[PDB]
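Here are the chains, one letter per residue:
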Amino acid sequence: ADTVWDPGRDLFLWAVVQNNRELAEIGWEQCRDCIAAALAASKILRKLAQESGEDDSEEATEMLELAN
Amino acid sequence: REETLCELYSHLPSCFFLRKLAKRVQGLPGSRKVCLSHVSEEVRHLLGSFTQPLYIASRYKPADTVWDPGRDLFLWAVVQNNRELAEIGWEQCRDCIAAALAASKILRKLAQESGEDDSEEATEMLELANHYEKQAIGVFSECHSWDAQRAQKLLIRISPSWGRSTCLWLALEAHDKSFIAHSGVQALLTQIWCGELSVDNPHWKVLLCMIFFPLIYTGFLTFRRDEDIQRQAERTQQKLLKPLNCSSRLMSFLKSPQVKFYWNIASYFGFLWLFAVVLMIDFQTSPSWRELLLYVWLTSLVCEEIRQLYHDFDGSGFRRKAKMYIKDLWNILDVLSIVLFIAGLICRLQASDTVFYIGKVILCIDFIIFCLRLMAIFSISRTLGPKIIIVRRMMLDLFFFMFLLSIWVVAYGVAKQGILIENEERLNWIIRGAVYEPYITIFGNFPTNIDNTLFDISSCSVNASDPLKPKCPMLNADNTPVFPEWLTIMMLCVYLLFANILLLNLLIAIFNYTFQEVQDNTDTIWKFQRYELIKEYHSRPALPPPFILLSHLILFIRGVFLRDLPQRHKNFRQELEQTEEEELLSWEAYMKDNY
Amino acid sequence: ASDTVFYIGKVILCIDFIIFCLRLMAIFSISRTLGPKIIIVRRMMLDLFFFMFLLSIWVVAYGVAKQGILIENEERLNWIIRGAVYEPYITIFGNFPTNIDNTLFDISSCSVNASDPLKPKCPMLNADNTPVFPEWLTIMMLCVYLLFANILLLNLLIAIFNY
Ligand SMILES: [Ca+2]
């Protein structure tokens, strides 16, 4: 029930969850703490790459390379 | 104009295609007058025996044979292996997902059957074939993202410009691995495989509803109809073609291929258990009642094979049907199994005791053929051609090494029996102690292999002992061999080393190398197999092979009265309406330029 | 306090001991996370089961044929399974000189129906002390079966697990 309002972490999450290589890199420098944000993005990308199933042209290459 | 092109085929440079056409004309540029059908014959031989001819002679720009000028320069530039003149020719084409795959198949077949020259036919032709495969994958993956529901219409139509053949058959006949690893083709194949029933049903639910019939009626299985009419009607309306009714759902569930696969494999296991109990427990002098079911079963199975021969394709020629029917491999296994069973059934009621045993042996061999016909379904692939390419080479190399080992073991055997035994007048002991024992020796363990002393079981005092005794080694003193035992051990060590290590390691090197290449080849083998299952379990009637004659009665009675199943295949091959066709082709030409 | 369940409880405690001794090895080898185990356990167990099914078909075929050709109909069902699925299954692991165990009459008794004390029925004889079926066909068939079962399938199994 903390729920702080940080505008830096909104564009970064919105750009990570749709797999945008060049729009999350713009979003990352606006963040406040950047050792938690990168690791949270890496975990979201690896889980979302795992549970795709159907399409493996996107979810393997793009998502695992962006997570690394 | 016509015949400007005929001269264009006349001016072709020296190539393997030109050598084939020159061999055909028996029964250099500018001299000849090549008719187009003479080309069209060899084009069919490279493209496949299935398709219709491309060029009807003196029927140009008038048995479809549409006149498209885009597909002439592209074919003329592909068949002479021009990397930079077929790329110019490709953008002038009308449909470019069929053209690239047809070019890929022509290049791979022409690269295979060259034989003599392998500087050109390996590198240039296989690289160009992979190039056009990649171009087709790029165009289709551009088309699939934009609409995702017209792409499946695009993969299944008939193009008249390539011999009335569909794009999917050109794709999977030439073994294009990266075009079938793509997602849209797999979604289309899963949509065919699941049939009337909607996807996302889990695996166990299908079998559990196959066990209990009203469980499907209780809403346990999602279907295509209900989900489609629930989403389609509501989504369109709220943002702004009949309901399945009382007794149709039973036939709709029994028409599915996925359920039909399980209901055929269970009956096949039942057949194997029935034949296993009949062959061993009760095989009486007279045919018992249990053994009659076997004969009724086969009769139904032979009628099933005759119906597959009739209505797998619609070629309308008896050579045209049988020539492609025998080109299978699973059908070959079935043909051999039925022939062995018929020979057994001829011999089995001889009423003379001499042939009663031989018939039982024939039925045992037929059982081995049936139990291998099981494994053919889940492991081997359908195509007759690619098997020979590796079976011949590896069997030939195996035979050569085996011959090389057999020479060595015969040498060791003849010498070893030569040195320590008096001339033997019995020929059976010669082979039994010269080829048999050194052959069995090399597989034995090295401490066990030392079995050497003068006199244990050999008897030689009066000629030879008849009850299974070899002649003794010659003795100088009482209980001694004139030949020292340590020379025998030294010679056994040399023979054992050279035979045990150096040759067998080469055998294990070759077989293991193929095994590692085969196992490490690909991950798309199972996906390719799915498509091999889909056709045969698609066409076959619903009811299992015990009651398949019940389906044969209806389908045979319907066949001669009024023509039934007017679309023989309606989920694979489709003939688009002419008003739709142009709008369909224009969309993919736009997507090609955008790509 | 009833003797029937006193033995079953001891068996249950032995299985519980096996679970405790594996709970030892879980500490020093395995990892905590439940999820990543299934990703490889499911695939490798499924591939293993498919190959094993493929081998079982072949050994059942060889067993049913081999007992089919040289024996009179057997009225006892236990010897059918015991000499059709058990012996070809134990054969393929044996050494090739040891695997040749073939002659007409050592331990089989068939003169009056079947001998009850653990004797299979004899192969049929035409002459005295001879099989009507030649022994070299049995060896030739054993060589084909032994080659195909011993090499080609098990090398694929060892290829996957070793990979
Ligand atoms: Ca068939």
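As a numbering rule, every chain is indexed from 1 in the order its sequence is written, which need not reproduce the entry's residue numbers; residues that lack coordinates are not presented. Ligands are numbered from 1 and chains lettered from A, in the order in which they are written. Any value reported refers to the chains on display, which are one part of a larger assembly. Hydrogens are left out, water is left out, and the side-chain values use all remaining heavy atoms of the structure. Residues with missing side-chain atoms are left out of burial classes, side-chain pairs and their counts.

Method-wise, the PDB entry is recorded as coming from cryo-EM, at a reported resolution of 3.3 Å.

Remarks on the packing of aromatic side chains
Only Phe, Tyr and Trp rings take part, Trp by its six-membered ring, and two of them pair if their centres are within 6.5 Å. Stacked means planes under 30 degrees apart, edge-to-face means over 60, and tilted covers everything else. On the numbers, 5.3 Å between centres and 35° between planes, the contact of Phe-283 of chain B with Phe-356 of chain B is tilted. Placement of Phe-283 of chain B in the loop between α16 (257–280) and α17 (290–310) and of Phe-356 of chain B in helix α20 (residues 353–378) is noted, with a sequence separation of 73 residues between them. Relative to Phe-96 of chain C, the ring of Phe-443 of chain B has its centre 5.6 Å away and its plane inclined at 85°; by these criteria the two rings are edge-to-face. Of the two residues, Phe-443 of chain B is situated in the loop between α22 (427–441) and α23 (446–449) and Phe-96 of chain C in helix α4 (residues 96–99); the pairing between them involves two chains. Following the ring pairs from residue to residue traces out a cluster consisting of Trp-193, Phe-261, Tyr-262, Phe-269, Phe-378 and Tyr-537 of chain B together with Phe-53 of chain C. Sitting over a ring, as applied to charges here, requires NZ of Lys or CZ of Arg to be within 6 Å of the ring centre and within 35 degrees of the ring normal. Seen from the ring of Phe-283 of chain B, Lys-360 of chain B lies directly overhead, with NZ or CZ sitting 5.8 Å from the centre. Against the face of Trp-330 of chain B rests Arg-382 of chain B, its NZ or CZ located 4.6 Å from the ring centre. Labels follow the DSSP assignment, with helices taken as runs of H or I lasting at least four residues and strands as runs of E lasting at least two, numbered in each case from the N terminus.

Considering unusual backbone geometry
All names here are of chain C. Backbone geometry at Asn-113 places phi at a positive 55°, although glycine is not the residue there. Within the secondary structure, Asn-113 is located in the loop between α4 and α5 (135–162). Look at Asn-129: it is not a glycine, yet its phi comes out positive at around 55°. Along the chain, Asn-129 turns up in the loop between α4 and α5.

Re the packing of helix α21 (residues 385–419) of chain B against helix α24 (residues 485–519) of chain B
Residue and element names in this part refer to chain B. Helix axes use the C-alpha atoms of the stretch in contact, all axes being lines fitted to C-alpha atoms, and the angles between their N-to-C directions lie in the range 0 to 180 degrees. As a packed pair, α21 and α24 sit with axes 11 Å apart at the nearest point and diverge in direction by 175°. In terms of orientation, α21 lies roughly antiparallel with respect to α24. Taking contact as the criterion, the partners of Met-394, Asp-397, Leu-398, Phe-401, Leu-404, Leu-405, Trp-408, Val-409, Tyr-412, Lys-416 and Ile-419 in α21 are, on α24, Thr-488, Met-491, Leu-492, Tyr-495, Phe-498, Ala-499, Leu-503, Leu-504, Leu-506, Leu-507, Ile-510 and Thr-514. Residue classes follow a fixed rule: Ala, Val, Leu, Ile, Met, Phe, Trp, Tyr, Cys and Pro count as nonpolar, while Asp, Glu, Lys and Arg count as charged, and any other residue, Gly among them, counts as polar. Class assignment of the residues belonging to the contact of α21 with α24 gives a composition of 19 nonpolar, two polar and two charged. Oblique is the label for any angle not covered by the other classes, which are roughly parallel (under 35 degrees), roughly antiparallel (over 145) and roughly perpendicular (65 to 115). Two residues form a contact once any of their heavy atoms are found within 4.5 Å.

With respect to the state of the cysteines
The disulfide criterion used throughout: a pair of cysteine sulfur atoms within 2.5 Å. Here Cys-460 of chain B connects covalently by a disulfide to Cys-472 of chain B, the sulfurs 2.0 Å from one another. Torsion about the S-S bond of the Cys-460 of chain B and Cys-472 of chain B cystine: about 75°, corresponding to right-handed handedness. Taken together, the positions of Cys-460 of chain B in the loop between α23 and α24 and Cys-472 of chain B in the loop between α23 and α24 put the pair twelve residues apart, joining distant regions of the chain. Here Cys-110 of chain C connects covalently by a disulfide to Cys-122 of chain C, the sulfurs 2.0 Å from one another. Because the torsion about its S-S bond is 75°, the bridge between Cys-110 of chain C and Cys-122 of chain C counts as right-handed. You can see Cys-110 of chain C sitting in the loop between α4 and α5 and its partner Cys-122 of chain C sitting in the loop between α4 and α5, a full twelve residues away along the chain.

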